[PDB]
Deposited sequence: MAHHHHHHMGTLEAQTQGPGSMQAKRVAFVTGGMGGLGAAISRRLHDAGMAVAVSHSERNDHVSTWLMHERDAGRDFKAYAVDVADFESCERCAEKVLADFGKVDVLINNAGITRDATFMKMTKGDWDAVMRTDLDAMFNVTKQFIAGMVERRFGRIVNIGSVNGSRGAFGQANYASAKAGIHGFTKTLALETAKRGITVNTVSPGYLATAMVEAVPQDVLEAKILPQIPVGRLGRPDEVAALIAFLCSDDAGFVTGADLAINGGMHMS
């Protein structure tokens, strides 16, 4: 049985990913933040809907926290085959008004997490000669993003990580890809810039991610998969 770990797995996109991977037959572990005030509630509602998840506290901005979390996940599941680096935040401000704290918080959570989280699971994937690592970027890592110098930098940086790790793991049965969603239903200045004329559904993005985590996607690696309603093309 394939094991998936989804950071931010109780958030808007993360919950959709977790449900799709569970329905594809994977055993699914989710992370939750230290500040999360609804861990037991979320698990109960998912169980009522027919899905048993296990949850693990983590601060993806903190390497030692990721170590403690990974120890628990691996103790319970024995391995992680599929890693979704989905946790993320924004701290929007014009560059002129942006604080060092705004910058750092986004950098540490959205980009350092690539190192902090993936370091804990990569050795096992390499040892077993199988893995799927999916890093959640953003259309605003590609298009210019007003008021988001920190978020755009972190999200663009994610794809540099994806490409390096893809090259390093390509002969070990692992793929590493970036999925860059557009704006999700999770907005009178946004909708006009989306050609399909609607926000994206988290379940749609989750469906693409489930394909990438499947046995049919072993030839997709180092790629950036854009699912943005046409908002950005290049």
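Residues of the deposited sequence lacking C-alpha coordinates, counted from 1, fall in the stretches 1-24, 211-221.
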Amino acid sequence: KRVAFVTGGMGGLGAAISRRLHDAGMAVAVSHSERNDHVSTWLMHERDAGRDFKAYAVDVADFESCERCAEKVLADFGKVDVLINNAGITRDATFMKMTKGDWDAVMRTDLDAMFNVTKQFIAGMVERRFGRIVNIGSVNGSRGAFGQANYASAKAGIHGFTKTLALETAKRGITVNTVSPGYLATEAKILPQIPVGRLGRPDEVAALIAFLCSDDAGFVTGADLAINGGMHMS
From here on, numbers count along this sequence of modelled residues.
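The PDB entry reports B-factors from which the mean C-alpha value can be compared for 48-56 and 62-70; the larger average falls on 48-56.
Look at the C-alpha B-factors of 153-161 and of 138-146. On average they run higher in 138-146.
Remark: of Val179, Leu43, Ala206, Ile194, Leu43 shows the highest value [criterion: C-alpha B-factor in the PDB entry].
Within the selection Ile174, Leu167, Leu199, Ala188, the deposited Cα B-factor values reach their highest point at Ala188. Remark: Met96 belongs to the highest third of its chain, ranked by C-alpha B-factor as recorded.
Among all modelled residues in its chain, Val80 ranks in the middle third by Cα B-factor. Split the chain's modelled residues into thirds by C-alpha temperature factor. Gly25 is in the highest one.
When the CA B factors of the chain's modelled residues are split into thirds, the value for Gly218 lands in the lowest one.
Sort the modelled residues of the chain by CA B factor and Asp104 lands in the middle third.
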